[PDB]
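Engineer: what follows is a protein structure lacking sequence information:
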RNA sequence: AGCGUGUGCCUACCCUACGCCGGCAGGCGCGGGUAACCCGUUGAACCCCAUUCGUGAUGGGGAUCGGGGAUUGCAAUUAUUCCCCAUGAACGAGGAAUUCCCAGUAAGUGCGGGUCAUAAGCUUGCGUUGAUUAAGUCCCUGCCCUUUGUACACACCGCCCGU
């Protein structure tokens, strides 16, 4: 029963159901407004998104 | 018709200041006479702009201490008004005159300064500025009423009432007069 | 000499009743657990666990069956059964007394050792 | 440094009632705090006695509040 | 009225415990182990006794009615969710316990856990915390 | 009152007015919003007024612990969380020492966002009430410039003499 017990674990909810869409890590995710990455990747690619640190 | 700025129900006129050194620092007469002890603000901005504040407003502002009472201006105002009620019904004297004569009688006129290194006990006698006289007088009245009204059945509207009249007659049964004359005794002990 | 009674009913009375009223005979969490759904999605292990419990040794000490399921609520039908449940390292072989009802297998297998401090 | 743990009576005995009725309308300031201090009774008991004296008409009201109330004697003239 | 009444009972001896008579009846009965502030108002609402009287002037028939409400609260229309001991593991009855059934039933439940050898019983036997909280930083008054 | 947020790609998990049932935690058919339109005029808290309490480890304080009921999830036991009744410990303004701040500031008080299936004693923002003291100093802890001294330069937390 390798096929039916290989990934029968439900990852429907929880932290590991989502991941970073830049580098695929599961720590420090930003889910607000659907960015779906960690803080470092947003800080590195924040200029081309259009977010400016005016304040 | 604004014939007289009646402080709720007390008249701000016919009040006598006995000391001439506190004449321009206590403003209750004919210019800084309000209906309430609560004004707007911009009074602690510059250096000497707090000398133009009404004395009952300064007492109300110094009434609130010890964490759980900061900002509650309405509650201190109604303590002040009730205390004025017991002061008027208790002696037969106008309550603004009792406030003026207590601050003059409870003002420490000579101070000792800590001088030297940290730990050594040396005091040098200096005299107290007239603004600082009023300032420590109000602070002493407030802390005397505060430590009188603590873990006691007697309310703060009565504990504040007994504290000024004991300072007004100089009976030295009040706590402000107690620290005033031990401070004068310490300043006199080493000059 | 004392006879055990649970919720006003007897042991054989508890055996010869069903889950539809046994949920109200249980507590709040156990009613929610049994009323959640069918024991099919992950509890086919539980299905074959009560099957292996329904396997009957003869009139002696019953044979021990061991499992990794710490989330098993003690049914009344499995009183007087011999079981060792996994705490992570070994199997604590425990006798099912007629008092187990309303609990888990994780209630009766300790994980941490009781600490005995020495010198700092 | 004497403790003197106060044990206030929950209701009036004989001497407290006429002591109150002869001395409390002869005082300048009357509040339940000073009545409880002078007559060694409870705070709510002093409030009930002062409400009775107010209903009798021998005490005039000055100001009422949820914290404390202010009472005074009648004019002797 | 405000004068002390005759045979004003000072110390009330109810259910072999000591009860002061100087306290309010909604609060003087709360000194009994097992009954608190919330359930005291319901008892003096089922019985026709006002909440404005002290405990020291009540007499035998009203305190006897209150003791009946103590011992048998179910048929005086007290709701079933208001009770402290519900759905018993021994017999399955709704009851209110007043310090004797309370103390001996808590003792019997603790020895039941210690006999059944659940980890709640082992933690009660060892003298630790059972509700699952951190012990590393607190509980410094455990042992010397 | 003011910052906000709201049906998401694999990705399913949104914010909610209104009606009934139930003490409550909660449950079902119903309508809006992909947003200055709907929650929403965001009937927030502290405050204000009126009773009860009366110096009593007390109606302060809610730790510990027993029983019961709902929600999330495949799964709660080492109690996820919430609700109900009991249980009512220490604590009487805190030693030596030490942190932050000077105007809508400290402080009191609550509301949003982040983590989030279930979710704030943390953090970032927001609003309400709203002060005492001071317009100075180099004494302490340090910083900038000039002059001088040095056996230091891995730089005084350095180097070095003797039993």
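Structural biologist: Yep, it's here. Numbering: from 1, shown residues only, chains lettered A, B, ... in the order given.
Engineer: from here on, contacts and neighbour counts on C-alpha atoms
Structural biologist: OK.
Engineer: what's the first helix or strand after the longest helix belonging to chain E?
Structural biologist: Under DSSP state H, the helix in chain E containing the largest number of residues is helix E:100-116. Scanning forward in sequence from helix E:100-116 by DSSP states H and E, the next helix or strand is helix E:119-126.
Engineer: just list what that following helix packs against, helices and strands only.
Structural biologist: Under the contact criterion of 3 or more Cα pairs under 8 Å, 6 or more residues apart in numbering or on different chains; DSSP states H and E, helix E:119-126 touches helix E:100-116.
Engineer: helices or strands next to the helix it packs on in the packing?
Structural biologist: Contacts defined by 3+ Cα pairs under 8 Å, 6+ apart place helix E:100-116 against helix E:119-126.
Engineer: pull out the buried residues from the helix it packs on.
Structural biologist: Of the residues in helix E:119-126, those buried by neighbour count under the rule 16 or more other Cα atoms under 10 Å in any protein chain shown are E:119, E:120, E:121, E:122, E:123, E:124.
Engineer: could you list the buried residues of the longest helix of chain E?
Structural biologist: With burial defined by 16+ other Cα under 10 Å, the residues of helix E:100-116 counted as buried are E:102, E:110, E:113, E:114, E:116.
Engineer: how much space between residue C:70 and residue A:6?
Structural biologist: Here the distance between residue C:70 and residue A:6 works out to 21 Å (Cα to Cα, to the nearest Å).
Engineer: an error on my part: the question was meant for residue D:35.
Structural biologist: From residue D:35 over to residue A:6 (counting by Cα to Cα), the distance is 84 Å.
Engineer: who's more crowded, the two?
Structural biologist: Taking residue D:35 and residue A:6 together and counting by other Cα atoms under 10 Å in any protein chain shown, residue D:35 has the greater number of neighbours (22 against 8).
Engineer: chain neighbours aside, what residue packs nearest to that one?
Structural biologist: Spatial nearest neighbour of residue D:35, excluding adjacent residues (Cα to Cα, 6 or more residues apart in numbering or on different chains): residue D:46 at 6.3 Å.
Engineer: run a quick neighbour tally on the one you found.
Structural biologist: By the measure other Cα under 10 Å, the count of residues near residue D:46 is 23.
Engineer: now for the helix or strand hosting it, which elements pack on it?
Structural biologist: Under the criterion of DSSP H and E, residue D:46 resides in helix D:43-56. Helices and strands touching helix D:43-56, as assessed by 3+ Cα pairs under 8 Å, 6+ apart, comprise helix D:32-39.
Engineer: for chain B, what's the nearest residue on chain A?
Structural biologist: Closest approach between chain A and chain B, counting by Cα to the nearest Cα: residue A:55, at 28.5 Å.
Engineer: got the domain boundaries for chain E?
Structural biologist: If the domains of chain E are taken from curated CATH domains, they occupy E:1-79, E:80-144, with pieces of a single domain joined by a plus sign.
Engineer: compute the first-to-last residue distance for the shortest one.
Structural biologist: Here the two ends of domain E:80-144 are set 45 Å apart, with distance taken as Cα to Cα.
Engineer: kindly report the same for the first one.
Structural biologist: Taking Cα to Cα, the span from the opening residue of domain E:1-79 to its closing residue is 35 Å.
Engineer: centre of the chain to that domain, how far?
Structural biologist: With Cα atoms, centre = their mean, to the nearest Å as the basis, the distance from the averaged C-alpha position of domain E:1-79 to the chain average is 13 Å.
Engineer: mind listing the helices for chain A?
Structural biologist: Going by DSSP H, chain A shows helices at A:2-5, A:39-44, A:46-49.
Engineer: of these, which approaches residue A:15 most closely?
Structural biologist: Evaluated over those, closeness to residue A:15 peaks at helix A:39-44, with 15.9 Å, by Cα to Cα.
Engineer: quick one: that closest one to chain centroid distance?
Structural biologist: Computed by Cα atoms, centre = their mean, the chain-centroid distance of helix A:39-44 equals 12 Å.
Engineer: same check, this time on stretch E:121-140
Structural biologist: Computed by Cα atoms, centre = their mean, the chain-centroid distance of stretch E:121-140 equals 26 Å.
Engineer: show me the helices in chain E, by range?
Structural biologist: In order along the chain, chain E carries the following helices (DSSP H): E:25-28, E:37-46, E:60-71, E:100-116, E:119-126.
Engineer: residues making contact with the longest one?
Structural biologist: For helix E:100-116, contacts defined as Cα atoms under 8 Å, 6 or more residues apart in numbering or on different chains pick out C:99, C:100, E:34, E:120, E:121, E:122, E:124, E:125.
Engineer: burial count for the third one?
Structural biologist: Other residues near residue E:34 number 15, with proximity taken as other Cα under 10 Å.
Engineer: what residues does chain E put near chain D?
Structural biologist: Proximity of chain E to chain D, by Cα under 8 Å from any Cα of the partner chain, involves residues E:2, E:3, E:4, E:22.
Engineer: which of these lies closest to residue E:88?
Structural biologist: Using Cα to Cα, the shortest approach to residue E:88 within the residues of chain E next to chain D belongs to residue E:22, at 37.0 Å.
Engineer: what separation do you get for the closest one and chain C?
Structural biologist: 43 Å (Cα to the nearest Cα, to the nearest Å).
Engineer: that older thread, which ones are touching the residue nearest to residue D:35?
Structural biologist: Under the criterion of Cα under 8 Å, 6+ apart, the contact partners of residue D:46 comprise D:32, D:35, D:36.
Engineer: and the gap between it and residue D:34?
Structural biologist: Computed as Cα to Cα, the residue D:46 to residue D:34 distance reads 9 Å.
Engineer: just residue B:33 next, same as before
Structural biologist: According to Cα to Cα, residue B:33 stands 33 Å off from residue D:34.
Engineer: okay, the two: which has more neighbours?
Structural biologist: Using other Cα under 10 Å as the criterion, residue B:33 and residue D:34 rank with residue B:33 on top: 21 against 17.
Engineer: touching, the more buried one and residue B:15? I think so.
Structural biologist: No. Under the criterion of Cα atoms under 8 Å, residue B:33 makes no contact with residue B:15, lying 11.9 Å away.
Engineer: which residues are in contact with each of the two?
Structural biologist: Applying Cα under 8 Å, 6+ apart, one finds that no residue jointly contacts residue B:33 and residue B:15.
Engineer: where does residue C:91 fall, phi/psi-wise?
Structural biologist: The phi and psi torsions at residue C:91 (degrees, to the nearest 10) take the values phi -120, psi 120.
Engineer: number of residues surrounding residue B:70?
Structural biologist: Burial of residue B:70 is recorded as 13 neighbouring residues (other Cα under 10 Å).
Engineer: can you check the one 10 residues further on too?
Structural biologist: Number of residues near residue B:80 (other Cα under 10 Å) recorded here: 21.
Engineer: what about it, distance to chain C?
Structural biologist: Taken as Cα to the nearest Cα, the spacing of residue B:80 relative to chain C amounts to 57 Å.
Engineer: residues touching that residue, list them.
Structural biologist: Counting by Cα under 8 Å, 6+ apart, the residues that residue B:80 touches are B:60, B:157.
Engineer: residue nearest the centroid of the chain?
Structural biologist: No chain in the question, so chain A it is. residue A:20 (2.5 Å; Cα atoms, centre = their mean).
Engineer: correction: the question concerned chain D.
Structural biologist: Using Cα atoms, centre = their mean, the most central residue of chain D is residue D:35, at 3.7 Å.
Engineer: run through who's touching the longest helix anywhere in chain C.
Structural biologist: Using DSSP H, we find that the single longest helix of chain C is helix C:44-54. Applying Cα under 8 Å, 6+ apart, the set of residues contacting helix C:44-54 from outside is C:39, C:40, C:65, C:72, C:78, C:81.
Engineer: 10 Å - rerun?
Structural biologist: Helix C:44-54 is contacted by residues C:38-40, C:43, C:55, C:62-69, C:71-73, C:75, C:77-78, C:81-83 when judged by Cα atoms under 10 Å, 6 or more residues apart in numbering or on different chains.
Engineer: many thanks, I have nothing further to ask.
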